[PDB]
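Chains here go by letter, A, B, C, D, E, F, G, H and I, matching the order in which they are written, and residues are numbered from 1 within each.
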Amino acid sequence: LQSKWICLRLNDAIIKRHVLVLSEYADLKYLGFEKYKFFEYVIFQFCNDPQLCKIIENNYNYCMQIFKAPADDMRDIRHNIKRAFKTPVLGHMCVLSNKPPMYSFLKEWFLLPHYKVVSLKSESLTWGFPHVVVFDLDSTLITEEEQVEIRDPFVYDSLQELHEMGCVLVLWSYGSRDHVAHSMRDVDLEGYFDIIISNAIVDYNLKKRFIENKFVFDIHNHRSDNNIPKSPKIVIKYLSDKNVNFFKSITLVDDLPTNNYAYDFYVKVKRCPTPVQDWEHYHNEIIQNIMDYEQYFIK
Amino acid sequence: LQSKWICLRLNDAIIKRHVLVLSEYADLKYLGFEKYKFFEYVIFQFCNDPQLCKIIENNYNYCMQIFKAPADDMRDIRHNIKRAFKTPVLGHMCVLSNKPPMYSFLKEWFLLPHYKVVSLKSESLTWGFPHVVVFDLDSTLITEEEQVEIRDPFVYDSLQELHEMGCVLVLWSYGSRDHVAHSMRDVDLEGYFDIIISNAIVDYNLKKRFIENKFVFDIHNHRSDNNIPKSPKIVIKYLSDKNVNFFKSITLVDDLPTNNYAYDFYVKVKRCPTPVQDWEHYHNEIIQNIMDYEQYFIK
Amino acid sequence: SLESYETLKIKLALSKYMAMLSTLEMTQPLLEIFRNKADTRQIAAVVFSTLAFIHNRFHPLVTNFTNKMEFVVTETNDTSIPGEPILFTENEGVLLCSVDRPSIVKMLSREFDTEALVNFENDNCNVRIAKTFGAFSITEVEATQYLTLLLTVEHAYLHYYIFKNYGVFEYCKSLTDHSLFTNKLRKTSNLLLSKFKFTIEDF
Amino acid sequence: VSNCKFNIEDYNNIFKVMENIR
Amino acid sequence: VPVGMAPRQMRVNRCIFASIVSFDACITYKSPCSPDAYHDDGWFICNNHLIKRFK
Amino acid sequence: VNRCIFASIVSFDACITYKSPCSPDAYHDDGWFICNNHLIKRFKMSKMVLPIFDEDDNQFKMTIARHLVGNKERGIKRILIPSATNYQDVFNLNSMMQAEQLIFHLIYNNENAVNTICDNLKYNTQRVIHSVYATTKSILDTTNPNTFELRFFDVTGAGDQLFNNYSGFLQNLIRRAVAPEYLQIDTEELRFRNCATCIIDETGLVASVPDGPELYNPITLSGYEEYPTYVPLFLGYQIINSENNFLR
Amino acid sequence: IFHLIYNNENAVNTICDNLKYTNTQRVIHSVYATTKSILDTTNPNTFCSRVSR
Amino acid sequence: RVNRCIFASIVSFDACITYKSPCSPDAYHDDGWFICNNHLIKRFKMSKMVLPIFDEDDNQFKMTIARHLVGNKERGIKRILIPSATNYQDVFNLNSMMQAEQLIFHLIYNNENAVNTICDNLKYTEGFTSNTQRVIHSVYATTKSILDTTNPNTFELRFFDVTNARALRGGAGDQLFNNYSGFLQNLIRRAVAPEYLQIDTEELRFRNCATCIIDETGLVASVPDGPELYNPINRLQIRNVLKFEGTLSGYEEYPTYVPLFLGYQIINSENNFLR
Amino acid sequence: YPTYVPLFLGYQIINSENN
């Protein structure tokens, strides 16, 4: 499914680290004046037109580069663009709502109506451009047994290290909101997590913890986990809700590799129903992945 | 049934593209003054009188031409006149009501009491001189099955193309007004059609859509479809009602060639009770007929 | 955004009309040209070029256009019709184009509510501040005048097309009743008159 | 100035645009 | 569909033999020029022509 | 399949130009070995024919060319077909391609220039020029009578001698264009022109007349037909031998 | 071009005449203009050329 | 949009100096002029004009011509229009104009010594090597390209001194015309209209007497004899207030101009050549 | 420049303007 495509970096932009999807290079007309400046990165599939390439290179406002990627994942596309322009970080993903470019590459990764860029709130929670990690509570951080418990109390230390370095903490466990909330309360994690996934929740013990799963779209022509194999789109949307419109890389840590929708990194852990000292090794793996990303963009 | 006849084009007229039927050349007396100027085209059967021909040619106010046509159809007559004087378009058909010329050529094509020309409203719906197409909904645009449906969703695109070029859209399906109205509502065509045939209709969902079939004349000495093999007279009358007193050519598209009363072009489609991708080919045929008329009058 | 793209297209059409004006290469603004009665030739050329431009737009596939036309700049009230500053009569085979120069001058001289009205726009103080920290022309009034003239000649050209396509009789009837072109586009899309709506209400 | 009656509805028709269904 | 903004400024080939073109309008030709010709250096001949002609 | 002299000009080089400027009549396998474009642009002539009569039902379309030379041309400008001594002068050898220069050298017997140009062009060019040689020589041999009707151009023989001096292709061109003022049809002499419209001389064929000024030839009677104003080529006295209405 | 480099104005003029008496004039213009521009630019024995140090 | 505005290829190499270059648009006209109207007016006292010859149906021979901007009182240098190479340095106040313009003039008149002197002087500018030499290269290349374009010898029967009745002998105005540069010669052809035009033995006279003079000093807006031809030419103020609100007006006006009319143009058998 | 040929002939003299 190797597909050729073009990417352009604006040589003088107002909004940085933001990418816009176009069905073709000609879509720039839809931006016209004082809109292109808000998308310093432009991505669009390539139609093998040398005259189009000539036009693009003549467009001195843009630095062009061509790369190929499978037509099924933002991961390869984003890796290619980020290595091309040496940008470890990505801004909010924008699309031309007037002319939605239907690329199978996306299929529920993330997006935004282009015009909403200016409305974005730059202020965020963590200084710099933190990483993001999503944890599937069930048997990943706790014990699958009924009387759930932290499989390895080193979980607290690992989360504190994540926070100290700077990295958004997200939970997505495919259980009842009440189940996950009470699991947090029992294992005394609670405030560790920036985002929680399973009007948010009201029990007189919590104010707002589980953003209501209002977004429903079934599947994008893929037979898999009934609910979903996790949702980069939903998690990044909640990041933006939490004022996080930038991130360095995203890692999904869970007890089930099947979900693994599209994440810059993934970590699998045992479906262990009883406590065991292994989360230190899992934390070692996660920090190794983070360091690997840091190596990819060490220069 | 080849019948010889004379046609005259007024060399200086007030009303253009209008034809008047006369039982003989002498009928001009009935117009006298300031009435002939409102009929630049005069049609009357020829009695093989060379002295009449001499009188006509002496009538320098008129350009004369003789042609033959079968005594059963306006189609050949109108083709002959339009090719003789290079006029692709025809105005409202007028007759001398005081002395109705009984030509079997007409037999329910169209007509008008001559004196009503001045009352005609020149303003119309479409700029220029649009074509006209009449569609027999039942099994022509929808599926004959009980749960009727557009046999080919390309119907919408074809109708939009007709409108964009400029062509009056007419429906005549020999069903109940309620049946056809609900078929329109279900298949979401509705506003596509300028005219609808099956006090017009009142159901609290439609204001006026099916002009009441007040005009009743049984048959003109022809045993055929019990109601009628369609009615150019009725359809053109409704065109005038809709302020359309001019047209370029008229095409009847249906699932039944038997009706085919008298139309500049005809198109037959399958009586298919189930959806099938064929209306694109039918639209190709219709546009081919339109282009053929455009070729006939390309000069 | 999308609507902004159509706005850009409309402004591009206005810019094309500007290119036509520059091709005419008039020293004075159209307001002064119309104010100057002696510039009869300039007025006639302006009207003819605008009509040809509108014809090309309305019939993109057609580049031909009447290359000669009789012109008469009218000044007296009895030589003009309310609501039709431009007219197309025929003097027995001769095609006459009558112009209501006083009406054109009045419309152009009318003060426009450029500043007076406040309308929604791309307005983001954050963007303005970021820009501040990172740090021959046409006025709005002139653009308004120019649009007004273009739309006037568009109405005139539609009447002219009715005249040519149907005849003088239907042209007069259209002058009496303008209902023919409530539908308008049915070619027309390139005509600005098909881009907006204007209405009058009892009050 | 001309003391001629004005047809408001016809002026509206002059600047009247019909809307399609798509 | 078509896209264009205005005339553009680009690089300049500084080797004399870059001007070599077939005298034919009907038969296209392209001279072999080293990209070095696009350096604003004293060299008014590209490495390719230099090696080819002057050794 | 067509036939056109100078259409054999293959792009032997990468120097100046080539686009195959050949009139479609080259496909017309007539008695000519050159088509309208080349004829016009190298000899100031236009192909034409002429019927004769239906008394015996012959009506043969007699081949003939049209003068493209006005009455203001002089010397070279009036020479239609140059001799071997002046073809180089009249023709801009520096303008046409070396292929056409070779064709002219061969047809005018200038093999010295032919070999000179071959040697120069050697520095695929050689094989392409050899293909040009093949085509041109095939045409020349086809025109050449020397292989497996008293069309005098002097009697109405110095003129016939000059015509003979011309090559086979050139002689064919001359006889196809020029039309004798007199033609005998096997013992019945018919005069078709009272005067000549061209002259053959040492320089070659000249769009001239025996005496007086040059015939004028530039580049509401709607109810009547027209008579062409241009001047066709006319010179000589031809005699048809003991042959029947040879419509073959 | 080589004739221009080594002067040989006679050969240069011969070539120009041959290329003129035959488009080709446009190529004359382009080639000669470029070569002469570079030659004048070098032209160490003048001023306004940015060569003599 | 080739800007042929010679004398607008002037760059104020001095940082403190900014060259407006407010010169006429017509430079973007692919005409026979290589200098547009405002440069012409400023540095040669000429105003561009056109003289139709045949204008009946489609034959539209429109010979170009410029006009005197010299009154009937100026004399000598004041009257010289296009000075010779021997006196242009004196006629023009080169010292009062920018060195780039001086370079342009020196190139036009082939004053290579002055060119070398100017570049030598520029050698000692503060930012000399940085951008002064770049400006020198740009201006010099543009001027040289224009001059080569004008020169016909690069890679017809118009005589300017052959009109002068009452002249003792000699002519030689055409001699000096030949001595002029290709650019100057083309300028003279473009601006000066031969008083006579002969086509294939058909003579048209446009004036009964030539208006310009050509001699060793150059082109002069003088007369062949006799006196010179007559050649005439918001900040609200108190005076700008007009008083109370309250003769051949109906006839057109013949210009009081002095167009450059001098010379005889001979055309051979060629017909009304309109290409 | 117009191609018209105005009428110019003779000498005229005037004192003051008288206009």
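Annotations
The rule we apply is simple: a contact is a pair of C-beta atoms (placed from the backbone, for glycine too) under 8 Å apart; a residue touches a chain by one contact, two chains touch by 3 or more.
Which protein is which chain? UniProt says C = Occlusion-derived virus envelope protein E27; F, H = Major capsid protein.
Steps from chain A to chain I, minimised over paths through touching chains, total 4.
Distance from chain E peaks, on a Cα-centroid basis, for B. Centroid to centroid, with C-alpha atoms defining each point, chain C and chain H lie 43 Å apart.
Note: centroid distance chain D to chain I, computed from Cα atoms, is 62 Å.
Centres computed as Cα averages put chain C at a distance of 50 Å from chain E.
We define each chain's centre as the mean of its Cα atoms; on that basis chain A and chain E are separated by 47 Å. Within chain G, the positions touching two or more other chains are listed as 23-24, 41. The set of chain A residues that touch two or more partner chains comprises 29. The set of chain D residues touching two or more other chains is empty.
Going by the touch rule set out above, the chain pairs that meet are A-C, A-E, B-C, B-D, C-D, E-F, E-G, F-G, G-H, H-I.
Of all residues in chain G, those touching chain E in their complex are 1, 5, 19, 23-24, 27, 30-31, 34-35, 38, 41-42. In the complex of the two chains, the chain H residues touching chain I come out as 49-53, 65, 67, 206, 254-255, 257, 259.
Across the complex, chain G meets chain F through its residues 18, 21-24. Listing the residues of chain H that touch chain G in their complex gives 103, 112, 115-116, 119-120, 133, 136-137, 140-141, 144-145, 148, 154-155. By the touch criterion stated above, chain E contacts chain F in their complex at residues 22-27, 29.
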